[PDB]
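Trainee:
Number of protein chains: 2
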Amino acid sequence: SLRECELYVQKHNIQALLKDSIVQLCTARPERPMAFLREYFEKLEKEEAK
Amino acid sequence: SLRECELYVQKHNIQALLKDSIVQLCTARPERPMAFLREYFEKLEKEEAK
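Here the protein sequences line up with chains B and A, keeping their order.
Residue 61 is where the first sequence ends in the deposited numbering, and the numbering goes up by one at each step.
Residue 61 is where the second sequence ends in the deposited numbering, and the numbering goes up by one at each step.
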């Protein structure tokens with residue numbers, strides 16, 4: 012029952028967020044992961060305009 | 012080369028963050044996923060003190 016529900020959050024929903032996520036945690040040096048996610052997309056959101 | 016680097020961000024690093032993440036996106040109704048992550052852990056962080 013919980014598997015079919017996860018069919019939406021595959022590589023099309025949280026992927027755009029997890030993509031850069033691991034790219035930063037790959038170094039395994041999260042001085043603060045609890046707050047990292049907060050400032051992670053907070054600043055990444057205002058990435059200027061192409 | 013990128014696989015060994017992902018050995019750290021398995022179910023022990025971003026899991027605590029993805030755990031409640033899917034629990035909310037499971038409904039597939041993210042009015043704003045880009046900002047959701049920001050307020051997702053921002054408020055979840057101050058979850059009172061056990």
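Each residue gets a CB set at the ideal place from its N, CA and C atoms; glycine is no exception.
Going by C-alpha to C-alpha distance, which of A:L36, A:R49, A:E53, A:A60 sits closest to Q21 (chain B)?
Mentor: The shortest C-alpha separation from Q21 (chain B) is found at A:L36.
Trainee: Can you say whether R14 (chain B) is buried or exposed, counting buried as having 16 or more other CB atoms within 10 angstroms of its CB?
Mentor: The residue in question, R14 (chain B), is exposed, as its Cβ has fewer than 16 Cβ neighbours within 10 Å.
Trainee: Select from B:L18, B:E58, B:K57, B:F52 the residue whose C-alpha is nearest the C-alpha of residue 142 (chain A).
Mentor: Here chain A has residues from 12 to 61 only, and residue 142 (chain A) is not among them.
Trainee: Mind pulling the chain B residues with CB within less than 7 Å of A39 (chain A)?
Mentor: Near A39 (chain A) (Cβ distances below 7 Å), the residues of chain B are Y19.
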